[PDB]
Amino acid sequence: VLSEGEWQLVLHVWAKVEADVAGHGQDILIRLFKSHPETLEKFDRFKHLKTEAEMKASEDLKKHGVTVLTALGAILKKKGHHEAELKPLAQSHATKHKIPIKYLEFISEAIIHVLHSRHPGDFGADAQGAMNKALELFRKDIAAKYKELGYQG
Ligand code: 7HE
């Protein structure tokens, strides 16, 4: 469980992400795809992209980056009370898209990397730790739903 203090650190840097949702989403998905190429292959929408420059030039990739961070922002602002936000996400990612929890760990690492890059003054180690705990909490609750549905990772 995160403390109120931890949630404030998390939401303080997230309100900054929201000044440029699309540029953060681009950076995060490109980081994820470059560092873990198995993740790109899960997207029929994006698997034609072969270079970083092509990824940066894709307007559809930018569009989906906003979809992803908008969903994640709505989750974080619930401060743990996110059961209704996670249900449909867990269901689709386990059963339709087939995304292992490990790949949620990968995108969590890409988020932290990009938040550190763009917001160092509001993403010191205390805020890094808090954001890690919030993304861990996300993964834990999704993982419980995956397990229910018989999917792994
Ligand atoms: C490695 C792949 C992977 C990973 C790590 C995620 N997803 Fe998902 N995603 C999400 C929304 C709202 C939608 C319509 C999809 C659609 C998707 C779709 C459908 C894309 C489409 O073809 O339109 C795919 C394949 C999918 N997502 C692969 C995907 C949100 C998330 C969130 C909040 C996370 C974690 C922070 C996430 N995805 C990680």
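Just so it is clear, the values below take in all heavy atoms, side chains as well, and ignore hydrogens, waters and symmetry mates. In listed order, ligands and their atoms are each counted from 1. The chain is numbered in sequence order, starting from 1.
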(message) Among all protein heavy atoms in this structure, tell me which lies nearest to atom 25 (C) of ligand 1, with the distance rounded to 0.1 Å.
(response) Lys42 O, 3.4 Å

(message) I'd like the name of whichever of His64, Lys98, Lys96, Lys63 reaches closest to atom 16 (C) of ligand 1 through any heavy atom.
(response) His64

(request) Would you mind listing which atoms of ligand 1 come within a distance below 4.0 Å of any non-hydrogen atom of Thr39? (result) 1 (C)

(request) Would you mind checking which non-hydrogen protein atom is closest to atom 33 (C) of ligand 1, with the distance to 0.1 Å? (result) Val68 O, 3.7 Å

(message) Could you check whether any heavy atom of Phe106 sits closer than 4.0 Å to an atom of ligand 1, since that is the contact criterion I want to use?
(response) no

(message) Just to check, does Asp44 reach to within less than 4.0 Å of ligand 1 when the distance is taken from its heavy atoms?
(response) no

(request) Determine, considering heavy atoms only, which of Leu89, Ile142, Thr70 sits nearest to atom 30 (C) of ligand 1. (result) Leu89

(request) Among all protein heavy atoms, pick the one closest to atom 28 (C) of ligand 1 and tell me residue, atom and distance. (result) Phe43 CZ, 3.3 Å

(message) Show, in sequence, the C-alpha distance, side-chain angles and deciding distance for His119 and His12, and conclude whether the side chain to side chain donor-acceptor pair (under 3.5 Å) test is met.
(response) CA-CA 10 Å; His119 310 293; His12 182 82; over 6 Å; no

(message) Salt bridge check, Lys77 against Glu18: does any charged N sit closer than 4.0 Å to a carboxylate O?
(response) yes

(request) Of the side chain and backbone of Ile99, name the one, both, or neither that has a heavy atom under 4.0 Å from an atom of ligand 1. (result) side chain

(request) Run through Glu52, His113, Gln26, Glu109 and flag the one making a side chain to side chain donor-acceptor pair (under 3.5 Å) with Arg31. (result) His113

(request) Output yes when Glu105 and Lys102 qualify as a salt bridge under the 4.0 Å nitrogen-oxygen rule, no when they do not. (result) yes

(request) Starting from atom 5 (C) of ligand 1, find the nearest protein heavy-atom neighbour and note its residue, name and distance. (result) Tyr103 O, 3.6 Å

(message) Give me the nearest non-hydrogen protein atom to atom 19 (C) of ligand 1 as residue plus atom name, then the distance to 0.1 Å.
(response) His97 CE1, 3.3 Å

(message) So does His36 get a backbone contact from the side chain of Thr39, meaning a donor-acceptor N/O pair under 3.5 Å?
(response) yes

(request) List the closest protein heavy-atom neighbour of atom 11 (C) of ligand 1: residue, atom name, distance to the nearest 0.1 Å. (result) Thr67 CG2, 3.8 Å

(request) Assess whether atom CD of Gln152 is packed by more than 12 heavy atoms of other residues, nucleotides or ligands within 6.0 Å. (result) no

(request) Ignoring hydrogens, just give me the one of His93, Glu41, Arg45 whose non-hydrogen atom is nearest atom 23 (O) of ligand 1. (result) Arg45

(request) To the nearest 0.5 angstrom, please state how far the CZ atom of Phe138 sits from the CG atom of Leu76. (result) 8.5 Å

(message) For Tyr146 versus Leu104, what's the shortest heavy-atom pair and its separation?
(response) OH-CD1, 4.4 Å

(request) For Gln128 and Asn132, test the side chains for any donor-to-acceptor distance below 3.5 angstrom and give the result as yes or no. (result) no

